[PDB]
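See structure below.
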Amino acid sequence: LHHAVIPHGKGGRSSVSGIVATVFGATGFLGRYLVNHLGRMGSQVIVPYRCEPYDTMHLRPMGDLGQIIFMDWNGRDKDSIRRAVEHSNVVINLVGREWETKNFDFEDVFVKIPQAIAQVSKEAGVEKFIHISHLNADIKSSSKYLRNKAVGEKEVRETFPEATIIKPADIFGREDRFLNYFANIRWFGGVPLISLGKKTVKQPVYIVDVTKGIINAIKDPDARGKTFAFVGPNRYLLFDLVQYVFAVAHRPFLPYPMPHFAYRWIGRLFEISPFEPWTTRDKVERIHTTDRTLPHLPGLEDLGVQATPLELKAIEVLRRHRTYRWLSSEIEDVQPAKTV
Amino acid sequence: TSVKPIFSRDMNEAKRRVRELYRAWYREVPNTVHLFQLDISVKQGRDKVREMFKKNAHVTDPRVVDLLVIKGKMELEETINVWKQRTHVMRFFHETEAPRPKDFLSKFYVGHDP
Amino acid sequence: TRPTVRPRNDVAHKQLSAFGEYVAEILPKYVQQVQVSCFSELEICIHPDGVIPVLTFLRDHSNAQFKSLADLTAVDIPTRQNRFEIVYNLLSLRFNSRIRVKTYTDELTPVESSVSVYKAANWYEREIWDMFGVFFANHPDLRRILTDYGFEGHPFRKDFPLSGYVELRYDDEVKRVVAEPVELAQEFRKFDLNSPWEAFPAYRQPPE
Amino acid sequence: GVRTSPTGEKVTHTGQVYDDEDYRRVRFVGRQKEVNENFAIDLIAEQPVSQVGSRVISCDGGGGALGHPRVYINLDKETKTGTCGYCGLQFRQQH
Amino acid sequence: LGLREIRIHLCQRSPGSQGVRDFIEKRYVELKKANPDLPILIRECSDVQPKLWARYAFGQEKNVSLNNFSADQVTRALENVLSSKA
Amino acid sequence: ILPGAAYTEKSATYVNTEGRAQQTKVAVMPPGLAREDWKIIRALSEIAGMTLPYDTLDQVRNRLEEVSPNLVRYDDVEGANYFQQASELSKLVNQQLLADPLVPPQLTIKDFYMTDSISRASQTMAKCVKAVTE
Amino acid sequence: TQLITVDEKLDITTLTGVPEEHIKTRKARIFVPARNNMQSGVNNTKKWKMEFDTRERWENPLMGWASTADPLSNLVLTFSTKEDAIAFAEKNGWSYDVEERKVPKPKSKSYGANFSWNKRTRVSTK
Ligand SMILES: NC(=O)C1=CN([C@@H]2O[C@H](COP(=O)(O)OP(=O)(O)OC[C@H]3O[C@@H](n4cnc5c(N)ncnc54)[C@H](OP(=O)(O)O)[C@@H]3O)[C@@H](O)[C@H]2O)C=CC1
Ligand SMILES: [Zn+2]
Numbered sequence: 001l002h003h004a005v006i007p008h009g010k011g012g013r014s015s016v017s018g019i020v021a022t023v024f025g026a027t028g029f030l031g032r033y034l035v036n037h038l039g040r041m042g043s044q045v046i047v048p049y050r051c052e053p054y055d056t057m058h059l060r061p062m063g064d065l066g067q068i069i070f071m072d073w074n075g076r077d078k079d080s081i082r083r084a085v086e087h088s089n090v091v092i093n094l095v096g097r098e099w100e101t102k103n104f105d106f107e108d109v110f111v112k113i114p115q116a117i118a119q120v121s122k123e124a125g126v127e128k129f130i131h132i133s134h135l136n137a138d139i140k141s142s143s144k145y146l147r148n149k150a151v152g153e154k155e156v157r158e159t160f161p162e163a164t165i166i167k168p169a170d171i172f173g174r175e176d177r178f179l180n181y182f183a184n185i186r187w188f189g190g191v192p193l194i195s196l197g198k199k200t201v202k203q204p205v206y207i208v209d210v211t212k213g214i215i216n217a218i219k220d221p222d223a224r225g226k227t228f229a230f231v232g233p234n235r236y237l238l239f240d241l242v243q244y245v246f247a248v249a250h251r252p253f254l255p256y257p258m259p260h261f262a263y264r265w266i267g268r269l270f271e272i273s274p275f276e277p278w279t280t281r282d283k284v285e286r287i288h289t290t291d292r293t294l295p296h297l298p299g300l301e302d303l304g305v306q307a308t309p310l311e312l313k314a315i316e317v318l319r320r321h322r323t324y325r326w327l328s329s330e331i332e333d334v335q336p337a338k339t340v
Numbered sequence: 014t015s016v017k018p019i020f021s022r023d024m025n026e027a028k029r030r031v032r033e034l035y036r037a038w039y040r041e042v043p044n045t046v047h048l049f050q051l052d053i054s055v056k057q058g059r060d061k062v063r064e065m066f067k068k069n070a071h072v073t074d075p076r077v078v079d080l081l082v083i084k085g086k087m088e089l090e091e092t093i094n095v096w097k098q099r100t101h102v103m104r105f106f107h108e109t110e111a112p113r114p115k116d117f118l119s120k121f122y123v124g125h126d127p
Numbered sequence: 007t008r009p010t011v012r013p014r015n016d017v018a019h020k021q022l023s024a025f026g027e028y029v030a031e032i033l034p035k036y037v038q039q040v041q042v043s044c045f046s047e048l049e050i051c052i053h054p055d056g057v058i059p060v061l062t063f064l065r066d067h068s069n070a071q072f073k074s075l076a077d078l079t080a081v082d083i084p085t086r087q088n089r090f091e092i093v094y095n096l097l098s099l100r101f102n103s104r105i106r107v108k109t110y111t112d113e114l115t116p117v118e119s120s121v122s123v124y125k126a127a128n129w130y131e132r133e134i135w136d137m138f139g140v141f142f143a144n145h146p147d148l149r150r151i152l153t154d155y156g157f158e159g160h161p162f163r164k165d166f167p168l169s170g171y172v173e174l175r176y177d178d179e180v181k182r183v184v185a186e187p188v189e190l191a192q193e194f195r196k197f198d199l200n201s202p203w204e205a206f207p208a209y210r211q212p213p214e
Numbered sequence: 001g002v003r004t005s006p007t008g009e010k011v012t013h014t015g016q017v018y019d020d021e022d023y024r025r026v027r028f029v030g031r032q033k034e035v036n037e038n039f040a041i042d043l044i045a046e047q048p049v050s051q052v053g054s055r056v057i058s059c060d061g062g063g064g065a066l067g068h069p070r071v072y073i074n075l076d077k078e079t080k081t082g083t084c085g086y087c088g089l090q091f092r093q094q095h
Numbered sequence: 013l014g015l016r017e018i019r020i021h022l023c024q025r026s027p028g029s030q031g032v033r034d035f036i037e038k039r040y041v042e043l044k045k046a047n048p049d050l051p052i053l054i055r056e057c058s059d060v061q062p063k064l065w066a067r068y069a070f071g072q073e074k075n076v077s078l079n080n081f082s083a084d085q086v087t088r089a090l091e092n093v094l095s096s097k098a
Numbered sequence: 560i561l562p563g564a565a566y567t568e569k570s571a572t573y574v575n576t577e578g579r580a581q582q583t584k585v586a587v588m589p590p591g592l593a594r595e596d597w598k599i600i601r602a603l604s605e606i607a608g609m610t611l612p613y614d615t616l617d618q619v620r621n622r623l624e625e626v627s628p629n630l631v632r633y634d635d636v637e638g639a640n641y642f643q644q645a646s647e648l649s650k651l652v653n654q655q656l657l658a659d660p661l662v663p664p665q666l667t668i669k670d671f672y673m674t675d676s677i678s679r680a681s682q683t684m685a686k687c688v689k690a691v692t693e
Numbered sequence: 008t009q010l011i012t013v014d015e016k017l018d019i020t021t022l023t024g025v026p027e028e029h030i031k032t033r034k035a036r037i038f039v040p041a042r043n044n045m046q047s048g049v050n051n052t053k054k055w056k057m058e059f060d061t062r063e064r065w066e067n068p069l070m071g072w073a074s075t076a077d078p079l080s081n082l083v084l085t086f087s088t089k090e091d092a093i094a095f096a097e098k099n100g101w102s103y104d105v106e107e108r109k110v111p112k113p114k115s116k117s118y119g120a121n122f123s124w125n126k127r128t129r130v131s132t133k
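Printed below as a string of structure tokens:
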């Protein structure tokens with residue numbers, strides 16, 4: 001343990017937390033709050049970015065001077081990964097996509113890239129490698145996302161024996177695509193679902209709890225080789241979840257069922273442009289996929305992180321969608337969604 | 014031992030002023046959650062008001078608790094008028110700060126501060 | 007002592023001595039000390055109950071007419087049992103003159119506000135609340151004037167450190183400017199610069 | 001005369017170089033470690049030892065008020081040259 | 013399980029330690045010969061009240077106030093300490 | 560190995576040869592993960608399940624006063640009487656004087672500059688020994 | 008009447024705005040500062056001073072500077088007498104320890120003692 005990485009200070013902003021983190025995909029939704037919580041401890045955070053550097057500007061106030069190092073990388077480049085991970089004592093991978101593109105499909109993003117990152121972190125002597133899979137990862141799954149993510153989870157395990165693999169169920173926050181997916185389908189016609197969305201059961205997890213779990217797994221030596229499943233404290237159906245989303249947003253709610261006959265074809269109806277697709281058929285198969293319950297895998301409470309419910313933070317997520325006539329309202333307005 | 018008071022001649026008038034200030038904050042908290050459009054409940058704000066009043070529940074000097082009532086009414090004047098913002102109200106909730114180690118063993122583990 | 011040494015004004019020294027005797031014997035109820043410095047400035051050190059009867063005198067007496075409140079000041083000296091020292095700099099435009107009126111308080115004793123004499127003080131003693139914690143009774147709008155709204159403490163007191171106790175940063179989790187306890191990337195280095203040799207024998211104090 | 005560490009990193013004139021296991025080389029990943037390749041201790045070795053016939057030599061560094069304060073150097077030691085404390089120019093008495 | 017050490021705090025000029033001083037000028041030597049490997053730490057201080065600390069097994073320390081006692085009372089308290097052995 | 564603190568690096572009571580207890584003040588902090596000594600011993604008591612009745616340094620000094628009160632009374636030599644009773648206890652068993660003459664371990668200036676763990680790890684003291692052996 | 012009678016203790020700890028950690032866990036030190044033995048001048052040994060314990064200074068990883076987290080690390084207060092410092096420390100709730108004023112005792116200076124007849128205090132040279 002070198003003298004420059006010995007933990008000093010009171011754990012504040014300008015202290016030395018003793019954590020050198022290479023956070024792949026830190027420019028996304030999870031990496032934003034992860035670099036937020038790491039840099040307020042005074043951690044050396046290496047951010048390898050693929051996108052425009054302007055889309056990394058919000059990562060700059062998140063830590064003290066010389067605590068965030070931005071650098072380029074390519075997904076098919078082991079030289080850039082060796083150039084990044086060689087100084088770190090922890091590597092956290094967060095590379096993901098809700099949609100497949102021309103250049104990167106799900107096999108590139110989930111199977112090839114995390115295996116390459118974990119192989120380079122292994123042959124450069126990185127102590128801790130944390131991978132972020134999805135709770136519904138299944139080889140036999142009906143969606144390409146979950147199949148490729150389970151294959152990539154298997155490969156990350158078989159090329160890094162001490163990999164801490166973390167299973168969030170459904171992450172919500174200010175910049176999510178879970179509650180903001182539900183809230184931004186209002187002018188399309190009435191929020192279509194399969195069997196009115198009451199045959200699938202979910203338990204969403206809050207992003208600050210996910211981040212606290214990842215960082216308390218960084219600081220736990222007993223999380224080496226473990227596999228975690230970060231789930232919320234309460235399980236909802238999907239229908240009363242969407243009820244509660246439109247009821248916090250103070251929006252009209254007129255649902256209608258939409259079966260197999262054309263709701264897989266609204267995928268190819270709504271990625272006709274090369275932009276970000278508003279919804280895709282993989283997202284269709286994953287919204288209507290229930291969250292599995294794995295009692296054998298540890299969760300948030302086994303890392304000492306209190307799972308915050310949706311009834312405390314749904315107002316914070318969904319105040320953005322209220323028009324004006326119910327912006328100034330209260331949290332004591334909405335009767336909460338029924339658990340199962 | 015003969016000093017000059019501020020408002021209260023003894024502890025009873027001082028507790029009367031503390032009690033009127035608590036009444037005023039308890040009336041103010043729902044409007045504070047409403048117009049600032051905070052992300053907490055009204056009961057959580059009332060709990061924070063209770064904690065901030067119980068923080069100073071040990072003083073037996075009338076001038077000190079008179080000045081605490083004066084400073085609390087200055088806080089209330091800055092709350093009723095929108096002079097504070099969402100940030101100045103939510104500074105009472107030490108949220109971004111990590112919980113400090115309280116027991117001896119974890120303070121021994123992380124630092125030198127007793 | 008002609009080129010470098012400042013030329014002493016003995017006429018103004020004698021006139022301020024005579025006017026200090028004048029003020030000291032018109033108001034013996036409150037005036038404690040009267041002193042004139044070497045550069046001929048007058049201080050009427052009084053009792054803090056006599057804020058209004060002295061300052062209304064100097065504003066309204068025909069030989070004083072100290073119409074302009076130049077500067078209201080507090081000075082923290084923690085070695086005294088009434089540590090704060092309230093200073094009134096007054097200007098008489100009629101007699102082309104400047105006087106100083108000094109008094110004392112501790113943290114808890116309220117000083118009488120002088121807005122009924124000089125409305126110019128309406129902010130200044132407000133600043134003395136904001137910086138020193140000196141309360142001013144019967145003030146119209148007494149609150150903070152120079153610090154942040156949720157700021158805890160009185161900064162210009164000498165038991166308050168140079169850097170504060172909290173510092174700010176923008177936090178992207180709560181999307182909000184938050185206050186953490188202060189940490190410096192470099193400590194404010196303290197320079198012990200006092201020479202160990204007595205610079206001025208005229209200001210020598212008698213020993214214990 | 002800059003010399004390079006076994007890690008591939010240049011060494012300053014002080015001698016500061018980060019060790020191989022130190023993470024703080026990551027600030028130079030993709031960038032450069034700016035050192036000055038004109039070392040003062042090597043440029044003052046190249047100056048010739050000035051022979052004077054005096055016993056005490058005065059040095060101000062050249063330039064008058066553009067140099068250092070004028071100091072007086074004793075040259076009684078026939079073994080050792082009298083190095084100026086400011087400029088490093090060393091003087092020798094020729095007897 | 014038994015007595016392990018004795019501590020006797022007292023003063024030089026205080027009259028409250030006076031008989032305690034009269035315990036040491038007259039009754040310490042034949043105490044120490046009767047307890048050869050029992051450390052009996054005599055500690056003289058400036059203005060303390062007299063005291064008898066009796067440390068027993070497993071750190072159990074019991075406390076006796078020897079303030080204003082005579083030499084016979086200090087002798088009786090110390091021999092009750094020696095006889096009890098908690 | 561339990562990494563402890565040094566005399567400039569902790570607040571600490573040392574008693575000189577005349578009985579005058581004196582406290583050091585913290586100048587710098589111990590390097591690395593090294594902690595103050597009684598902090599380490601108290602945390603070891605907290606691990607093992609035999610927690611000692613002190614938490615702060617003042618409580619250590621209250622315990623230290625309970626052991627002997629002339630350890631927390633600083634810059635004070637407390638006069639110790641009763642030489643006669645220690646003499647009468649000394650005359651019990653006759654231990655015999657050896658015929659080896661009294662020789663101190665520090666004869667010259669060579670043997671002075673390296674005595675403890677701090678002086679032997681010093682390069683200044685090493686230059687002093689190298690410069691007095693010549 | 009225009010006065011009250013406060014029988015209780017003068018204590019302003021709730022008014023100063025100091026956090027609790029920098030009230031109870033600190034140790035104020037009340038001391039006449041020792042003479043810098045580089046210099047025979049004694050004007051630095053006149054007034055009493057109040058410092059605190061020195062907390063942790065660590066290396067800034069960027070520049071090697073002395074980063075610190077103690078706000079009261081540079082706070083050195085000046086008091087003309089000792090009991091003013093004691094009353095000030097009692098007033099703010101700071102736990103204080105006091106060193107006494109170490110004064111040099113007067114020495115017997117005699118220039119003729121350097122040239123005695125039968126005494127050892129003859130100087131060997133001048
Ligand atoms: N609901 C959720 O958010 C859940 C997410 N997860 C997983 O957690 C991780 C983080 O999620 P989240 O932040 O929300 O997703 P995002 O899509 O918002 O973030 C992905 C990050 O990885 C980068 N990235 C994406 N694709 C590539 C690529 N092909 N090559 C290189 N970099 C790439 C992105 O940067 P750039 O701008 O360059 O593309 C971005 O920084 C993902 O692995 C995701 O699968 C798991 C469960 C739930
Ligand atoms: Zn020169």
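Residue numbers (the authors' numbering), protein chains in the order written: chain d, 1 to 340; chain g, 14 to 127; chain 5, 7 to 214; chain b, 1 to 95; chain e, 13 to 98; chain 3, 560 to 693; chain c, 8 to 133.
All C-beta atoms in this analysis are idealised placements derived from N, C-alpha and C, irrespective of residue type, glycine included.
heavy atom of ligand 1 below 6 Å from residue i C-beta
i              : result
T200 (chain d) : no
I171 (chain d) : yes
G88 (chain b)  : no
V109 (chain d) : yes
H8 (chain d)   : no
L318 (chain d) : no
Residue i: first and last residue of the uninterrupted beta strand (DSSP E) it sits in
i              : result
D104 (chain c) : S102 to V105
Delimiting residues of the alpha helix (DSSP H) encompassing residue i
i              : result
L64 (chain 5)  : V57 to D66
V662 (chain 3) : Per DSSP, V662 (chain 3) belongs to no alpha helix (DSSP H) and is neither H nor E.
Proximal residues of chain 5, C-beta to C-beta of residue i below 7 Å
i              : result
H321 (chain d) : None at all; the shortest Cβ gap to chain 5 is about 16 Å.
Chain-ordered chain b contacts of residue i [CB-CB under 8 Å]
i             : result
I69 (chain d) : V26, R27 and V29
Chain d contact residues for residue i, given Cβ-Cβ distances below 8 Å
i             : result
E21 (chain b) : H2
Residue i Cβ short of 6 Å to ligand 2 heavy atom set
i             : result
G61 (chain b) : yes
Please list the segments of the beta strand (DSSP E) lying wholly inside the segment 154–221 of chain d, counting only runs of 3 or more residues, in order along the chain.
List check, beta strand (DSSP E) in window: 163–168.
Pick out the complete beta strand (DSSP E) segments inside the segment 29–96 of chain c, 3 residues or longer, and give them in chain order.
34–38, 55–58, 64–66, 73–75 and 84–86
Complete beta strand (DSSP E) runs within the segment 80–118 of chain 5 (minimum length 3 residues, chain order):
Within the segment 80–118 of chain 5, the complete beta strand (DSSP E) runs of at least 3 residues are 90–98 and 103–111.
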